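Report on the structure
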Amino acid sequence: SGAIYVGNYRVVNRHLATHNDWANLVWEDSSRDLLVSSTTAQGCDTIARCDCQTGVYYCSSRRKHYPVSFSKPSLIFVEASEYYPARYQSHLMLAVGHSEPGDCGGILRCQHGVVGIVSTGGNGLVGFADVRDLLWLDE
Ligand SMILES: C=Cc1ccccc1CS(=O)(=O)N1CCC[C@H](C(N)=O)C1
Ligand SMILES: C=Cc1ccccc1CS(=O)(=O)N1CCC[C@H](C(N)=O)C1
Ligand SMILES: [Zn+2]
């Protein structure tokens with residue numbers, strides 16, 4: 001689990017969004033596994049606006065942060081699950097690293113700020129949904 005809080009927005013994995021997230025929906029995209037809802041309280045996370053391919057992510061299943069090299073956001077095949085059929089998930093960045101299902105929501109950060117959130121994994125890989133292209137998160 002996990003979310004990004006920036007301005008009056010909350011960014012979560014779309015498959016983990018709550019009833020409250022859907023009742024205050026701003027934008028959602030199944031192809032990206034992202035949902036943004038509106039908040040009452042002001043958020044203070046900074047979003048990275050860069051092309052970094054290295055950063056640090058939080059891994060809940062190990063209670064630890066790990067440094068990773070990751071691919072640029074792209075279309076990646078994701079196997080069927082209880083939330084989606086087999087599909088290409090867009091804006092996804094992959095890295096070699098540990099992840100388990102409950103790791104979704106962990107933040108990936110570079111020196112400029114928040115890059116994305118854990119969204120996929122398995123077989124020694126971890127995939128992050130990018131948020132750096134969502135320029136409207138700051139306005
Ligand atoms: C293996 C799980 C997994 C983890 C994270 C993401 C996706 C998978 C499924 S994959 O491994 O088949 N694969 C990752 C590399 C790019 C492949 C492709 N798109 O042709 C899809
Ligand atoms: C960090 C996740 C993870 C790690 C290791 C094993 C399994 C997972 C979960 S998953 O990658 O199979 N996943 C199920 C939920 C919806 C996700 C999506 N973005 O479509 C895909
Ligand atoms: Zn950066």
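Residues numbered from 1 in each chain as written, not as in the entry; some residues may be left out. Chains lettered and ligands numbered in written order. Heavy atoms only, no water.

Per the PDB record, this model was obtained through X-ray crystallography at a reported resolution of 1.517 Å.

**Things to note about a nonpolar patch on the surface**
Side chains of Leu 75, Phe 77 and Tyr 88 sit close together on the surface and give an oily, nonpolar patch of about 380 Å² of accessible area. Among the structural elements, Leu 75 can be located in strand β6 (residues 74–78). (Patch = residues over 30% accessible without salt bridge, like charges linked within 9 Å, V, L, I, M, F, W, Y side chains within 5 Å. Areas by Shrake-Rupley, 256 points an atom, 1.4 Å probe, with all protein chains shown as cover. Salt bridge = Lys/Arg side-chain N within 4 Å of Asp/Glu carboxyl O. Helix = DSSP H or I, 4+ residues; strand = E, 2+ residues; numbered from the N terminus.)

**Quick notes on the domain arrangement of the protein chain**
Domains assigned within the protein chain are domain 1 (3–44) and domain 2 (45–139). For domain 1 and domain 2, the distance between their C-alpha centroids amounts to 16 Å. Every contact between the two is made by 21 residues of domain 1 and, on the other side, 25 residues of domain 2. Both faces combined, the contact of domain 1 with domain 2 buries some 1,900 Å², and carbon together with sulfur accounts for 60% of it. (Domains from an automatic or database assignment. Contact = heavy atoms within 4.5 Å. Buried area = accessible area lost by both parts, 1.4 Å probe.)

**Thoughts on the pattern of salt bridges**
The tally for this structure, following the rule as stated, stands at six salt bridges. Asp 133 is paired through a salt bridge with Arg 32; the nearest N and O atoms lie 2.7 Å apart. You can see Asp 133 sitting in the segment after β10 (125–130) and its partner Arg 32 sitting in the loop between β2 (25–29) and β3 (34–44), a full 101 residues away along the chain. On the basis of relative accessibility, which here comes to 35%, the residue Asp 133 falls in the partly exposed class. One salt bridge in this structure joins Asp 138 and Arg 49, with 2.6 Å as the shortest N-O distance. Of the two residues, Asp 138 is situated in the segment after β10 and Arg 49 in the loop between β3 and β4 (54–59); the sequence distance between them amounts to 89 residues. Given the relative accessible area of 47%, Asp 138 is considered partly exposed. (Buried < 20%, exposed > 50% of the residue type's maximum accessible area, 1.4 Å probe, protein only.)

**Regarding the sheet that holds β2**
The strand order across the open sheet built from three strands is β1-β3-β2, with neighbouring strands paired in antiparallel fashion. The open sheet has two edge strands with one neighbour each: β1 (4–13) and β2. The sheet shows a mean angle of 35 degrees between the axes of neighbouring strands, taken without regard to direction. Bridge count between β1 and β3: seven bridges; the pairing is antiparallel. Paired with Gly 7 across the strands is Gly 43, a residue of β3. (Pairing = 2+ DSSP bridges. Axes fitted to C-alpha atoms, helices over the stretch in contact; angles between N-to-C directions.)

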